[PDB]
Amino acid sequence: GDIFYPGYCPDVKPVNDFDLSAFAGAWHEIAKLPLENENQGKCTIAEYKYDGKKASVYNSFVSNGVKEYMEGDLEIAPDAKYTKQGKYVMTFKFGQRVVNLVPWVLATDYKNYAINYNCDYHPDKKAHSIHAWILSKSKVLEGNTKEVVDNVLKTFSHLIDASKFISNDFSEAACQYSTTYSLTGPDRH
């Protein structure tokens, strides 16, 4: 199950001076906090492409030999347009269902790692769930960068319980797929 904690989401401020073009690229999910929709995928990678005017997203993972993917639009969050903070929206369409995902970027050096997060409040439960992802431009978080990440993460110890991260897998095996499948699309729901 996803991780929930009592009460409203805590105050949090994402990264300043966010640079979307610098952020663009293929991000590997080295690890994440449990997230129902993606708990079973492996070799999880999110690829963001930028035009200067337009941004798009290509997300994929592999489940039992199948490569599932999603294609959508990406844009800076309306409020972040004014503050210049790292907050973006990913819009995906499943038939008539439209989804607007909003990851918050707590920190990143743009070339090697990113620490993303979200807080989802359930009023009916008076509790919130927390989601987080350790992202890297390499399939492995390597030694220098590993230390960098760990120290940064530490400054967010009151927002993310590091001990709850779950490592993803990028072995050739894990990433292997015999076939594909688009989760997004007009003939979806």
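The first residue of the sequence shown is number 1, and the count goes up from there.
Visitor: Pick between 173 to 181 and 12 to 20: the one whose mean CA B-factor in the entry is higher.
Guide: The deposited B-factors put 173 to 181 ahead on the C-alpha mean.
Visitor: Going by the average Cα B-factor in the PDB entry, point out whether 49 to 57 or 31 to 39 comes out higher.
Guide: Per the PDB entry, the higher value belongs to 49 to 57.
Visitor: Based on what the PDB entry reports, which of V148, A26, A127, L141 has the top C-alpha B-factor?
Guide: Of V148, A26, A127, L141, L141 has the highest C-alpha B-factor.
Visitor: Among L74, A107, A77, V98, where is the Cα B factor highest in this entry?
Guide: Reading the PDB entry, the winner on C-alpha B-factor is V98.
Visitor: Can you work out whether the C-alpha temperature factor of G7 puts it in the lowest, middle or highest third of the chain?
Guide: CA B-factor rank for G7: middle third.
Visitor: Going by the CA temperature factor in the PDB record, which third of the chain does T155 belong to: lowest, middle or highest?
Guide: It belongs to the lowest third of the chain when residues are ordered by C-alpha B-factor.
Visitor: Lowest, middle or highest third: where is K111 by C-alpha B factor in its chain?
Guide: Highest third of the chain for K111's C-alpha B-factor.
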